[PDB]
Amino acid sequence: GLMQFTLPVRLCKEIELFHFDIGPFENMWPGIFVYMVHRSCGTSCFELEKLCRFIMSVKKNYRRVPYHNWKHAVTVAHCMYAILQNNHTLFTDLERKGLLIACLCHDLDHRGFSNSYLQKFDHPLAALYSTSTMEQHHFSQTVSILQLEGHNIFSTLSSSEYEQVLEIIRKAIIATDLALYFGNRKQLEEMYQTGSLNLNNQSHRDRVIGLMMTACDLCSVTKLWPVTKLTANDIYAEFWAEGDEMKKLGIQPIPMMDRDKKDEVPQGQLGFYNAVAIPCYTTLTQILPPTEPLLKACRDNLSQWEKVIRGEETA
């Protein structure tokens, strides 16, 4: 504990804000992650040497894709850090540990293609895992890395505690399958509006963590507009490449994956904010009131996409 991690003054202050952008210097991202772990968990949560070796193996198993890349992993992890820091009484020792690692690992070995494309392509992973195909692969990749020599960051846990934290990580990574989000948020909403929601109930906790994982995964819609707009180019770079691959299989891609429909992106975004993002951050704010700034930044970006649609802003 005599060797503490420190950030430059601007980063030290701004990393506490939900809308923090981790910057273009990839060599700083491991330091930013260790810093976040030491502050949300404790400097005794992990042996720094094992953690650093784990981080560099995770980085190596992210691919050079426009969006689902190492920078997305650290960005999702930072959103989870901001949630946990502003709700520090609500989560256990194992949960803080497990959720930051789950976020870092949540898209391991992503090739830029959705579960739908893997099913249509008849990819081997689709035979192995019929539902949440990519997400079950991301978890499998996480377990493989945890089992490399010198990479067991959980080595000081009991067998039972180790099993608990791997279960937290598995459920958290599976929760990032957006197909599961619709069901999960509806259940949470009904539970909140009937006053049945109980954070002491493990099945209830699992759902709240699932929604937190969705909120963290979508957190590009909660950045300052210039970040949100530039990130949309990377997201669509992947969608359109998948749409190209759907056309190569003789299948019409859905409109968001068709690069010929580029002029309808602003209306597509508006659609996504109304059906997915706003409801997500609304339900999260109901359950965890200090996450309000995610909802506020989402509503501000919704207003920016509307300004694009009315031609008061270009994209």
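Quick note: we count residues from 1 along the sequence shown, nothing fancier. Think of the rigid core as the biggest set of C-alphas that the two forms share within 1.5 Å after superposition.
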Using the rigid core for superposition, please say which stretch has the greater CA deviation in 7 other deposited structures of this protein, 131 to 139 or 239 to 247. 239 to 247
Kindly name the stretch, out of 39 to 47 and 250 to 258, whose CA atoms are displaced more from this form in 7 other deposited structures of this protein after the core superposition? 250 to 258
Tell me which of 145 to 153 and 67 to 75 has the higher mean C-alpha B-factor in the deposited entry. 145 to 153
Averaging the C-alpha B factors as listed in the entry, name the stretch that ends up higher: 186 to 194 or 203 to 211. 186 to 194
Which is it among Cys41, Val58, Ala277, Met246: the one with the largest CA B-factor in the entry? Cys41
Among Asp217, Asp109, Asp234, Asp93, which carries the highest Cα B-factor? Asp93
Record-listed C-alpha B factor of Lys97: chain third: highest
Which third, lowest, middle or highest, does the CA B-factor of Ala175 fall in along this chain? lowest
Sorting the chain's modelled residues by C-alpha B-factor, tell me whether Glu16 ends up in the lowest, middle or highest third. middle
Thinking about Cα B factors across the chain, which third does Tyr129 belong to? highest
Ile22: C-alpha B-factor third of its chain, per the entry, is the lowest
